[PDB]
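Peer 1: I have a structure I would like to understand better, so I am pasting it below and will then ask my questions one at a time.
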Amino acid sequence: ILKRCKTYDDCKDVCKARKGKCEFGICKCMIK
Amino acid sequence: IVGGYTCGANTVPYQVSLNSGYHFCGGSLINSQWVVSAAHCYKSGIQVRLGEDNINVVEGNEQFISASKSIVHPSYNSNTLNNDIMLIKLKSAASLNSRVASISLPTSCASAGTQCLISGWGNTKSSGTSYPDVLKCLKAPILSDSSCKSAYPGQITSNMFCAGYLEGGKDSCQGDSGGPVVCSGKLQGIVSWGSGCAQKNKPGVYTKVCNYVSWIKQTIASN
Ligand SMILES: [Ca+2]
């Protein structure tokens, strides 16, 4: 998936409980 | 898509863009009223954009149709990514033509070694983030389950397959999720997940559509 973020908390909607990071402006929790 | 090529306008007429204010996932048109995508692409208020090439410019073949229903597989697991499939019903039927057309569902599963076409508007960089304007395409083979499980120990279910290149450099990426993997004219995969993009020994993982043909048919009927 493409979801922009500034911090990983911004990724909660798309990443749910998955571990990951906000990097290069986007959510990185393996899903595309 | 990393390491791919420009498809050419409307040469993948079943490819759709899912838009919730911006492009976030792909999908595949399977009939005039229904789109297959990934369960993790679910959001409320999805607008399906058909007939797109340049997703930033109005070129004259677009149909923008909101989802009336987004039916995630009831057994989708957002932790394991098992059953990562969703059906979107369009609020109204799309007009089918040369540039907006459906893709056939498989009657049997594909085999390792078969070449497939993967497409999308996702990131084109293995390091960093780009956003292409026009649709990108990649030819990639289905990989053995053994190499898939070696690349992703403990993570590959019967509803997933790997496709791509263990050497790296060619893969689907963020923004491609939900889009098509088409092999011998059949929608065999949905872009799902991977460890980064185009990394050595981390090929893309795809939802195995052939395991869901019955569910797709019953969901269309139920809605
Ligand atoms: Ca356009």
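Residues in the structure tokens are named by chain (A, B, ... in the order shown) and by number from 1 within that chain; ligands are numbered from 1 in the order shown.
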List every residue of chain B that has an atom at most 6 Å from any atom of ligand 1, and for each one report the closest atom pair and its distance in Å to one decimal, counting only C-alpha atoms and all ligand atoms, with rows sorted by chain and then by increasing residue number, as a tab-separated table.

Peer 2:
residue	atom	partner	partner_atom_place_in_ligand_line	distance
B:52	CA	ligand 1	1 (Ca)	4.7
B:53	CA	ligand 1	1 (Ca)	5.5
B:54	CA	ligand 1	1 (Ca)	4.5
B:55	CA	ligand 1	1 (Ca)	4.2
B:56	CA	ligand 1	1 (Ca)	5.7
B:57	CA	ligand 1	1 (Ca)	4.5
B:58	CA	ligand 1	1 (Ca)	4.2
B:59	CA	ligand 1	1 (Ca)	5.1

Peer 1: Within 10 Å of chain A, which residues of chain B are there when counting only C-alpha atoms? Please give them as a ChimeraX atom specification.

Peer 2: /B:22-26,38,40-43,78-81,121-123,127-131,172-179,191-197,204-205

Peer 1: Pull N, CA and C atoms from the residues just selected and write them as a compact mmCIF listing (two decimals), in the first residue's frame.

Peer 2:
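result.txt, written as the output of this step:
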# COMPACT_ATOMS: atom_id res chain seq x y z
N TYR B 22 -5.87 10.20 -3.04
CA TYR B 22 -4.62 9.96 -3.74
C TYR B 22 -4.63 8.48 -4.10
N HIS B 23 -3.81 8.12 -5.08
CA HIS B 23 -3.65 6.72 -5.44
C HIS B 23 -2.95 5.96 -4.32
N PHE B 24 -3.55 4.86 -3.86
CA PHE B 24 -2.95 4.09 -2.77
C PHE B 24 -2.82 2.60 -3.04
N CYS B 25 -3.57 2.06 -3.99
CA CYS B 25 -3.56 0.65 -4.33
C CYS B 25 -4.06 0.50 -5.76
N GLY B 26 -3.74 -0.65 -6.36
CA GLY B 26 -4.34 -1.05 -7.61
C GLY B 26 -5.48 -2.04 -7.38
N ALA B 38 -6.58 -6.20 -2.86
CA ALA B 38 -6.08 -6.82 -1.63
C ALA B 38 -6.93 -6.38 -0.44
N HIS B 40 -5.90 -5.67 2.47
CA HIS B 40 -5.28 -4.58 3.21
C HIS B 40 -5.44 -3.23 2.51
N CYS B 41 -5.98 -3.22 1.29
CA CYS B 41 -6.37 -2.00 0.61
C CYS B 41 -7.75 -1.50 1.02
N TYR B 42 -8.43 -2.19 1.94
CA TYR B 42 -9.74 -1.72 2.35
C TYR B 42 -9.65 -0.34 2.98
N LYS B 43 -10.55 0.55 2.56
CA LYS B 43 -10.86 1.77 3.27
C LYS B 43 -12.33 2.07 3.00
N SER B 78 -4.82 -9.61 9.20
CA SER B 78 -3.91 -8.50 8.94
C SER B 78 -2.53 -8.70 9.56
N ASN B 79 -2.36 -9.71 10.40
CA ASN B 79 -1.05 -10.00 10.97
C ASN B 79 -0.25 -10.96 10.10
N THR B 80 -0.88 -12.03 9.63
CA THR B 80 -0.19 -12.99 8.78
C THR B 80 -0.33 -12.66 7.30
N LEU B 81 -1.31 -11.82 6.94
CA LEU B 81 -1.65 -11.44 5.57
C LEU B 81 -2.30 -12.60 4.82
N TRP B 121 1.02 1.65 -10.35
CA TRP B 121 1.56 2.99 -10.19
C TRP B 121 2.37 3.14 -8.90
N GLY B 122 2.87 2.04 -8.36
CA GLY B 122 3.64 2.10 -7.15
C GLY B 122 5.04 2.63 -7.36
N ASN B 123 5.73 2.77 -6.24
CA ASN B 123 7.11 3.22 -6.20
C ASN B 123 7.97 2.46 -7.19
N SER B 127 15.47 1.94 -3.44
CA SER B 127 15.91 2.79 -2.34
C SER B 127 15.29 4.15 -2.56
N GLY B 128 14.48 4.60 -1.61
CA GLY B 128 13.77 5.85 -1.75
C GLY B 128 12.37 5.63 -2.28
N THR B 129 11.71 6.74 -2.62
CA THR B 129 10.32 6.69 -3.07
C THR B 129 10.13 7.60 -4.27
N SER B 130 9.63 7.03 -5.36
CA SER B 130 9.19 7.79 -6.52
C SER B 130 7.71 7.52 -6.73
N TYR B 131 7.07 8.38 -7.52
CA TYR B 131 5.65 8.25 -7.83
C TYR B 131 5.53 8.44 -9.34
N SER B 172 7.36 -5.61 -7.52
CA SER B 172 6.31 -4.67 -7.16
C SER B 172 6.69 -3.96 -5.85
N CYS B 173 6.04 -2.84 -5.57
CA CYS B 173 6.46 -1.99 -4.45
C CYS B 173 5.26 -1.23 -3.90
N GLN B 174 5.50 -0.42 -2.86
CA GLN B 174 4.42 0.34 -2.23
C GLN B 174 3.67 1.18 -3.25
N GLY B 175 2.34 1.06 -3.24
CA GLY B 175 1.48 1.64 -4.25
C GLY B 175 1.00 0.66 -5.29
N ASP B 176 1.60 -0.53 -5.37
CA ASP B 176 1.18 -1.55 -6.31
C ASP B 176 0.18 -2.53 -5.70
N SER B 177 0.08 -2.57 -4.37
CA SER B 177 -0.80 -3.52 -3.70
C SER B 177 -2.17 -3.57 -4.35
N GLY B 178 -2.74 -4.78 -4.40
CA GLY B 178 -4.07 -4.98 -4.93
C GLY B 178 -4.12 -5.15 -6.43
N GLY B 179 -3.05 -4.80 -7.13
CA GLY B 179 -3.04 -4.89 -8.56
C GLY B 179 -2.81 -6.29 -9.07
N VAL B 191 -1.06 -8.25 -5.99
CA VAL B 191 0.09 -7.69 -5.27
C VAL B 191 -0.26 -7.59 -3.79
N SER B 192 0.59 -8.17 -2.92
CA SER B 192 0.29 -8.22 -1.49
C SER B 192 1.42 -7.63 -0.64
N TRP B 193 2.57 -8.28 -0.54
CA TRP B 193 3.58 -7.84 0.42
C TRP B 193 4.96 -8.33 0.01
N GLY B 194 5.96 -7.81 0.72
CA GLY B 194 7.33 -8.28 0.61
C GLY B 194 8.16 -7.56 1.64
N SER B 195 9.40 -8.02 1.79
CA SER B 195 10.37 -7.33 2.63
C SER B 195 11.05 -6.28 1.77
N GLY B 196 10.61 -5.03 1.90
CA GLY B 196 11.09 -4.00 1.00
C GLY B 196 10.67 -4.31 -0.43
N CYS B 197 11.45 -3.80 -1.38
CA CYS B 197 11.14 -3.94 -2.79
C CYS B 197 12.41 -4.21 -3.58
N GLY B 204 8.68 -10.49 -4.34
CA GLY B 204 7.33 -10.11 -3.97
C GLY B 204 6.47 -11.32 -3.67
N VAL B 205 5.55 -11.14 -2.72
CA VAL B 205 4.57 -12.15 -2.34
C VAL B 205 3.19 -11.70 -2.82

Peer 1: If we count only C-alpha atoms and set the cut-off at 8 Å, which residues sit around segment 150-158 of chain B, ignoring sequence neighbours fewer than 2 positions away in its own chain? Please answer as a list in words.

Peer 2: residues 80, 82, 146, 147, 148, 160, 161, 201, 202, 203 and 208 of chain B

Peer 1: Looking only at the backbone, which of the residues in chain A does DSSP tag as strand (DSSP E), as a list in words?

Peer 2: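 Of chain A, only residues 21, 22, 23, 26, 27 and 28 of chain A fall in strand (DSSP E).
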
Peer 1: Dump C-alpha atoms for the selected residues as a tab-separated table (two decimals), in the first residue's frame?

Peer 2:
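This is the output file result.tsv:
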chain	number	residue	atom	x	y	z
A	21	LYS	CA	8.50	2.25	10.28
A	22	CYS	CA	7.74	5.53	8.56
A	23	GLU	CA	10.58	5.95	6.07
A	26	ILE	CA	5.73	6.37	3.54
A	27	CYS	CA	4.52	3.54	5.73
A	28	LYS	CA	6.70	0.42	5.66

Peer 1: Hey, what's within 7 Å of residue 35 of chain B if we count only C-alpha atoms and toss same-chain stuff fewer than 5 positions away? As a PyMOL selection string, please?

Peer 2: chain B and resi 27-30+87-89

Peer 1: Take atom CA of residue 72 of chain B and atom CA of residue 214 of chain B and report the distance between them in Å, one decimal.

Peer 2: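 One can read the atom CA of residue 72 of chain B to atom CA of residue 214 of chain B distance as 14.6 Å.
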
Peer 1: Can you tell me, as a list in words, what residues are no more than 12 Å from residue 216 of chain B when counting only C-alpha atoms, ignoring any on the same chain fewer than 3 positions away?

Peer 2: residues 30, 31, 34, 35, 36, 37, 71, 72, 73, 85, 86, 87, 88, 89, 105, 106, 209, 210, 211, 212, 213, 219, 220, 221, 222 and 223 of chain B

Peer 1: Would you write out those residues with N, CA, C and O atoms, as a short mmCIF file (atom, residue, chain, number, x, y, z; two decimals), in the first residue's frame?

Peer 2:
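Final output, saved to result_5.cif:
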data_model
loop_
_atom_site.label_atom_id
_atom_site.label_comp_id
_atom_site.auth_asym_id
_atom_site.auth_seq_id
_atom_site.Cartn_x
_atom_site.Cartn_y
_atom_site.Cartn_z
N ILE B 30 -12.88 -7.42 -13.01
CA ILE B 30 -13.25 -8.78 -13.40
C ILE B 30 -14.61 -8.86 -14.09
O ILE B 30 -14.90 -9.89 -14.73
N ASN B 31 -15.46 -7.85 -13.97
CA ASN B 31 -16.65 -7.69 -14.79
C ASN B 31 -17.06 -6.23 -14.68
O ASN B 31 -16.39 -5.44 -14.02
N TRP B 34 -17.39 -5.22 -10.78
CA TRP B 34 -16.61 -5.78 -9.69
C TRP B 34 -15.12 -5.72 -9.95
O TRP B 34 -14.65 -6.01 -11.06
N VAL B 35 -14.38 -5.40 -8.90
CA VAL B 35 -12.93 -5.26 -8.92
C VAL B 35 -12.34 -6.15 -7.83
O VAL B 35 -12.85 -6.18 -6.71
N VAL B 36 -11.28 -6.86 -8.17
CA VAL B 36 -10.50 -7.63 -7.21
C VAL B 36 -9.32 -6.79 -6.75
O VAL B 36 -8.59 -6.25 -7.57
N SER B 37 -9.09 -6.74 -5.44
CA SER B 37 -7.93 -6.04 -4.88
C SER B 37 -7.47 -6.81 -3.65
O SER B 37 -7.87 -7.95 -3.42
N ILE B 71 -15.95 -5.77 0.01
CA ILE B 71 -16.12 -7.03 0.73
C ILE B 71 -14.74 -7.65 0.90
O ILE B 71 -14.16 -8.21 -0.03
N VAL B 72 -14.20 -7.53 2.09
CA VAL B 72 -12.95 -8.19 2.43
C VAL B 72 -13.23 -9.66 2.70
O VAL B 72 -14.30 -10.02 3.22
N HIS B 73 -12.29 -10.52 2.34
CA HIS B 73 -12.46 -11.92 2.68
C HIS B 73 -12.69 -12.02 4.19
O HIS B 73 -11.91 -11.45 4.97
N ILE B 85 -7.40 -10.68 0.10
CA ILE B 85 -8.22 -10.48 -1.08
C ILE B 85 -9.49 -9.74 -0.68
O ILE B 85 -10.06 -9.96 0.40
N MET B 86 -9.93 -8.85 -1.57
CA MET B 86 -11.10 -8.02 -1.38
C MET B 86 -11.80 -7.87 -2.72
O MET B 86 -11.16 -7.79 -3.77
N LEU B 87 -13.12 -7.82 -2.67
CA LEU B 87 -13.95 -7.53 -3.83
C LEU B 87 -14.61 -6.19 -3.61
O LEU B 87 -15.19 -5.93 -2.54
N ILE B 88 -14.53 -5.32 -4.61
CA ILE B 88 -15.16 -4.01 -4.58
C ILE B 88 -16.30 -4.04 -5.59
O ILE B 88 -16.06 -4.31 -6.78
N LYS B 89 -17.51 -3.77 -5.14
CA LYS B 89 -18.62 -3.57 -6.06
C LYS B 89 -18.71 -2.09 -6.40
O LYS B 89 -18.71 -1.24 -5.51
N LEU B 105 -10.83 -14.80 -14.69
CA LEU B 105 -10.39 -15.52 -13.52
C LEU B 105 -9.82 -16.88 -13.93
O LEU B 105 -10.19 -17.43 -14.97
N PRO B 106 -8.92 -17.43 -13.12
CA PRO B 106 -8.34 -18.73 -13.47
C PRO B 106 -9.35 -19.84 -13.27
O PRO B 106 -10.26 -19.75 -12.44
N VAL B 209 -4.90 -16.22 -6.31
CA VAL B 209 -6.30 -16.03 -6.68
C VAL B 209 -7.02 -17.35 -6.95
O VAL B 209 -8.23 -17.46 -6.71
N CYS B 210 -6.32 -18.35 -7.48
CA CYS B 210 -7.00 -19.59 -7.85
C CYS B 210 -7.66 -20.27 -6.65
O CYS B 210 -8.56 -21.10 -6.85
N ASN B 211 -7.23 -19.97 -5.43
CA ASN B 211 -7.86 -20.56 -4.25
C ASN B 211 -9.16 -19.87 -3.87
O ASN B 211 -9.84 -20.33 -2.94
N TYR B 212 -9.52 -18.78 -4.55
CA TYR B 212 -10.66 -17.97 -4.16
C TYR B 212 -11.72 -17.86 -5.25
O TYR B 212 -12.64 -17.05 -5.11
N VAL B 213 -11.60 -18.63 -6.33
CA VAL B 213 -12.55 -18.50 -7.44
C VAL B 213 -13.97 -18.76 -6.96
O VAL B 213 -14.90 -18.03 -7.34
N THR B 219 -19.56 -14.34 -3.71
CA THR B 219 -19.66 -12.96 -3.24
C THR B 219 -20.37 -12.09 -4.27
O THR B 219 -21.21 -11.25 -3.91
N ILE B 220 -20.03 -12.25 -5.55
CA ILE B 220 -20.77 -11.53 -6.58
C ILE B 220 -22.26 -11.84 -6.47
O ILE B 220 -23.11 -10.95 -6.61
N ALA B 221 -22.59 -13.10 -6.22
CA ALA B 221 -23.99 -13.50 -6.17
C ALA B 221 -24.69 -12.93 -4.94
O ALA B 221 -25.87 -12.55 -5.01
N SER B 222 -23.98 -12.87 -3.82
CA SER B 222 -24.55 -12.37 -2.58
C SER B 222 -24.76 -10.86 -2.60
O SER B 222 -25.46 -10.34 -1.72
N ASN B 223 -24.18 -10.15 -3.56
CA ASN B 223 -24.20 -8.70 -3.56
C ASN B 223 -24.42 -8.15 -4.96
O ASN B 223 -24.34 -6.94 -5.17
#

Peer 1: From the DSSP assignment of the backbone, select every residue of chain A that is helix (DSSP H, G or I), and format the answer as a list in words.

Peer 2: residues 8, 9, 10, 11, 12, 13, 14 and 15 of chain A

Peer 1: Using Å and a single decimal, report how far atom CA of residue 111 of chain B sits from atom CA of residue 17 of chain B.

Peer 2: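 That distance, rounded to one decimal, is 27.7 Å.
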
Peer 1: Leaving out residue 101 of chain B and any residue of its chain fewer than 3 positions from it, which residues lie within 9 Å of it when counting only C-alpha atoms, given as a PyMOL selection string?

Peer 2: chain B and resi 12-15+29-32+51+95-98
